[PDB]
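To start, the structure itself, in structure tokens.
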Amino acid sequence: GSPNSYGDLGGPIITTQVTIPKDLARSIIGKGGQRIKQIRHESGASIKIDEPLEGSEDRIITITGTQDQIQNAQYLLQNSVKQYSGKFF
Numbered sequence: 375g376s377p378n379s380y381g382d383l384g385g386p387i388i389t390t391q392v393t394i395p396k397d398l399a400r401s402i403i404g405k406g407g408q409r410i411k412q413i414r415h416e417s418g419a420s421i422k423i424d425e426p427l428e429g430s431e432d433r434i435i436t437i438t439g440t441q442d443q444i445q446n447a448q449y450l451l452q453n454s455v456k457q458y459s460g461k462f463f
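Each residue of the sequence shown is one higher than the one before, counting from 375 in full-length UniProt numbering.
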């Protein structure tokens, strides 16, 4: 109860940004995002995607949550890449 009183919530909140090539960016996001939404509930982490910067074939992602929630998310991002026809074409 009262998720805001001493305990430092295990630790302060941290934010980190990731850059993925546009080609792998589409494999990770999926068509309906069904992939970024699921990872959001499985990791418990929050993620915000920024629009691509005109003049760059890359997409940037921002992860926000506890270090562990972020690591669990960063690892699910690196493994989603294999969705690139890697796991079962």
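Positions of the beta carbon are idealized from the N, C-alpha and C atoms, including for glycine.
Its Cα nearest to that of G404, the residue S454 stands out among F462, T389 and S454. Just so you know, the alpha carbons of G407 and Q441 end up roughly 24 Å apart.
In the three-state scheme derived from DSSP, where H, G and I count as helix and E and B as strand, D432 is classed as strand. Assigned with DSSP and collapsed to three states, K411 falls in helix.
A contact between stretches requires three or more CB pairs, one per stretch, nearer than 8 Å, and the region 394–401 meets this requirement with the region 428–447.
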